[PDB]
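Notes for the one structure printed next.
No value in this document is a laboratory result; all are computed from the given coordinates. A quick note on method: Cβ atoms are made from the backbone with ideal geometry, for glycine too, and the neighbour counts reach across all protein chains shown.
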Protein chains: 2
Amino acid sequence: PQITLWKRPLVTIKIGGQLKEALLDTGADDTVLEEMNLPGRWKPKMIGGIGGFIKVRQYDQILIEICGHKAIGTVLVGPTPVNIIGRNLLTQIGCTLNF
Amino acid sequence: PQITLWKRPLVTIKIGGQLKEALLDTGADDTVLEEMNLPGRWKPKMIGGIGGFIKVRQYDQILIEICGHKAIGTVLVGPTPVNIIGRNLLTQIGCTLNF
Ligand SMILES: CC[C@H](C)CN(C[C@@H](O)[C@H](Cc1ccccc1)NC(=O)O[C@H]1CO[C@H]2OCC[C@H]21)S(=O)(=O)c1ccc(OC)cc1
């Protein structure tokens, strides 16, 4: 589809058997999800933006379905105020900026 | 143009007669630029990112050129890690997401 930017580009995603709303974020190198209890091993990480840094847990090879498009890659989980789909997964679903 | 997301969507912008590099950021409601001198009046404002809130200078109705596309709107100037172009200006240049 085509998504305009009048409002926040929120879309439904499916991860770990749960449906969630997430932001298609071309400014996010990586995908950062709100706190959730995923299984498997993880590695600590810190990511920075406006306001400073937050601590997150890096999970690798996590399947996410974004508007019916399947993608698999690294997913960070931490105290983010918003679910954020980053470029690592946006590429896998063929997402592009256009103007 | 059509922009894939395998690399950061960085572009050259023109503001206040100066050229700069900025990130097209669909996850940003507003445009936030690094510290710089801009002509005209400004009023203090606060914005929140993933790491907390920062103090910024709000410049209204600022002319800014993004890849030869003109925009006029609000520009926030503060300690952001990166020059980011938010939806307030991406809409002015007709920017959409497509997959
Ligand atoms: C360094 C580039 C940019 C600041 C990075 N951010 C993605 C943004 O899209 C962020 C994503 C975001 C969106 C809402 C709340 C927290 C973060 N939005 C944002 O900060 O926008 C601010 C400016 O306009 C306002 O509108 C929203 C907040 C304000 S981020 O959230 O901090 C981030 C996301 C993934 C990362 O992986 C390495 C690293 C950093």
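Can you pull the Rg over Rh of chain B, Cα-only, Kirkwood?
That ratio equals 0.94.
So which trypsin sites (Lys or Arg not before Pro) in the range B:1-31 pass both tests, a DSSP loop state and at most 16 other Cβ atoms within 10 Å of the Cβ?
Listed in order of number, the matching sites are B:7.
Among A:89, A:38, A:24, determine the one that fluctuates most according to a GNM of chain A built with springs between C-alpha atoms less than 10 Å apart.
A:38
For chain B, with only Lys/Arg (+1) and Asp/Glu (-1) charged at the beta-carbon, what is the dipole magnitude about the Cα centre, in debye rounded to 20?
The calculation lands at about 120 debye.
If each label sits 7 angstrom from Cα along the C-beta direction, how far apart, in nm, is residue A:94 from its counterparts in the other copies?
Between copies, matching label points for residue A:94 lie 2.3 nm apart.
Just to verify a number: FRET efficiency for residue A:4 and residue A:41, C-beta to C-beta distance, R0 = 30 Å, to 0.05?
Using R0 = 30 Å, I get an efficiency of 0.15.
What are the distances, in nm and sorted shortest first, from the label point of residue A:82 to the label points of the same position in each other copy, with each label point placed 7 Å from Cα along the Cα-to-Cβ direction?
Reported distances to equivalent positions: 1.5 nm.
Out of the range A:1-71, which chymotrypsin sites (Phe, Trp or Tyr not before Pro) are coil in DSSP terms and have no more than 13 other C-beta atoms within 10 Å?
Those that pass, being in a loop and sparsely packed, are A:6.
On the principal axes of its Cα set, how long, how wide and how thick is the protein assembly as shown? Give whole Å, largest value first.
On the principal axes, the protein assembly as shown reaches 53, 32, 24 Å in Cα extent.
Which one of B:9, B:96, B:74 is farthest out on the positive end of the charge dipole of chain B, using unit charges on Cβ (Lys, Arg +1; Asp, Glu -1) and the Cα centre as origin?
The residue sitting most towards the positive pole is B:74.
Shortest first and in nm to one decimal, what separations exist between residue B:45 and its copies in the other chains, measuring from label points 7 Å along the Cα-to-beta-carbon line?
3.1
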